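What follows is a pair of forms of the same protein chain, given separately as structure tokens and numbered structure 1 and structure 2.
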Structure 1
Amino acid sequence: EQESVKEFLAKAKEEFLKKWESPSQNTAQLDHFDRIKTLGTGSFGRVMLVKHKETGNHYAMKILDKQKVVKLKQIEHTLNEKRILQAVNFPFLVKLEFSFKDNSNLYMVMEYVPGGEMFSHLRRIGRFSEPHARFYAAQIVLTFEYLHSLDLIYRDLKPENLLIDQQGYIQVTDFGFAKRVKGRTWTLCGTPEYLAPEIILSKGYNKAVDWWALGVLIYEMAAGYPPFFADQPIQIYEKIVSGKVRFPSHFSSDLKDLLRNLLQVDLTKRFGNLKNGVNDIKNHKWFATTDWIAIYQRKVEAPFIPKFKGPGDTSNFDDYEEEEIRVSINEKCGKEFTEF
């Protein structure tokens, strides 16, 4: 009697493939927006709060320097990012509203989520209760079920990339390492604390790395610190591969069981990667109180609503040093980014 998840995902794949095969391009330009303030920075670019001049709507504009992208060998990853983000559609994925490029930069204009990064809230509060952590985790489970059904691996789960909207739900950002792949891939990418052992060990790997990263995220949300931490990445990797994991004394029996199964070095035993796929996670005892339908439909009351001061207030974000956006008089890296 329920709406079938299988049938829902089949229709969603039809929708995705149409956009994957015919991507949108050149849907705004820089002078349509006033640039306000930097919201975040990453290894590859900066995200700015902007205001559309005609409508007054605020957006979050990611700006990538084409020459920096080439130097860091991220051309194909950046093309993946934009092609995937413009084609996906799910309640917990940030919307790409416009994209464009100029002589110097690539621009992805996304919906602005003023509630701030989960990272900020998690560090301030210390740790989330298990019900709070489970509410967020359920959204990631559904999001990965969706992405994986489209043959997409995400590859950069972490609280820094999860924004909290005004309903208290998650919006996943940063598709810089997302890739559409049937079978295995090999790129060493991610964030150290979240890398699965098979990435570190230079094995071919598949979507199971996202389920490992979910285990890391759940652990970090509920503990307040990640399962494998050290001062330098190299010591983190040694802990990951060991891959002994210890739990806070306050973790429930069911949470420990789920995490041992997500943080399983043996791919043939890792939840999400067995015969029953995601259903081993959704049907796990730790999720017994999760109404998966109600989460997808955003009908569950969230544990926390960010302070609202908008429409363009940035008080839930840190401050960053501002650097002028320079547009050269000469086109840079035109051939590399033709399809953007």
Structure 2
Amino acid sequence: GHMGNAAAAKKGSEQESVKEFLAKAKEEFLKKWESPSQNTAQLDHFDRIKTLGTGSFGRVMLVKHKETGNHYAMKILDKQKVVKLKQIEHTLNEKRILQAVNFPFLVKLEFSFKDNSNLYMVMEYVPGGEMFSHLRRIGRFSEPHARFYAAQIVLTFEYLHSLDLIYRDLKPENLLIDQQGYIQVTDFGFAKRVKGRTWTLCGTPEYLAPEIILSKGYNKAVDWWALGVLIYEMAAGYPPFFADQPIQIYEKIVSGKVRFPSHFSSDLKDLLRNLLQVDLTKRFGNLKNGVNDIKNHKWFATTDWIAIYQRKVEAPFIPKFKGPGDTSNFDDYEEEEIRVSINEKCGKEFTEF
């Protein structure tokens, strides 16, 4: 067979230990899920420094905690805009997930609170910026570099899926790089507890699995499809399916055809053909052997999964960091005031936040 006795025994034991870890992690998650924490700080506890990002519902700002001097990333959501954009459930669910999960590649929520106007989630500041920026600047990542990031996503999805959480929002724009060069996942607006199937059309065109496009009930396998897209994009510099307009992207996604750069290794192409598999009965991550089909694939043969989890592997790339509060890896935005109303807005809708 492919493994001799020692290697087979070691692999079997490793896989059983993963099961044991995940059972404990699920028990811990469910405790925090059933008893979420609230109201752990206030706005006047922080100095606002710079806007790190903006969206249709709010902003993320670099802030400095006055008492400790620690920097944090503060997501500010305008309650009235959240209601107008039909994002109440997503906002409450994101906070509930963030306060309940615990994993080295998932951002840590340190404080949350609300006022008359806004909701606030204060997260660890991840100073390396988005993977997206580094990828577009460098062009493409070499296979070992792509593999280092991919391994972290595999472990993170293995963790999330054990909690019955589907992620649904994977893309380089949503992956931040920390001071040690490891990945942080921050956005949970589309994540959902799904033991069986779910049906919502959500995601980003290039990263949508065929079954989402085709309006099917779908499961956690969409995240493994998205991993395939991510690995391809990291290693090529562009995603597998692109076009001027989303409709044409969707036609390519559902076609069952994918083409690869000539510099992709055969091991990489084999992995990608099994992740970017339109047939759900054949997609890696969706078979009887679960995540092990991915973790045991030849492309990952050099990956020490425990060392990645322990953050003991030297990162391929360390973002520039001139000190605490350095924002050089983020875009520049116009700075707007944080207006707080004299009257409470949308109190009922956000009572649980």
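Each residue is numbered by where it sits in the sequence of structure 1, with counting from 1. For the two forms, the rigid core is made up of the largest set of C-alpha atoms that agree within 1.5 Å on superposition.
- Superposed on the rigid core, the two forms differ between structures 1 and 2 by 2 Å or more at the C-alpha of one listed residue only; from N283, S315, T41, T27 that residue is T41.
- Superposing the rigid core and comparing between structures 1 and 2 gives a CA shift of 2.2 Å at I234.
- Taking the rigid core as reference, the CA displacement of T78 between structures 1 and 2 comes to 1.1 Å.
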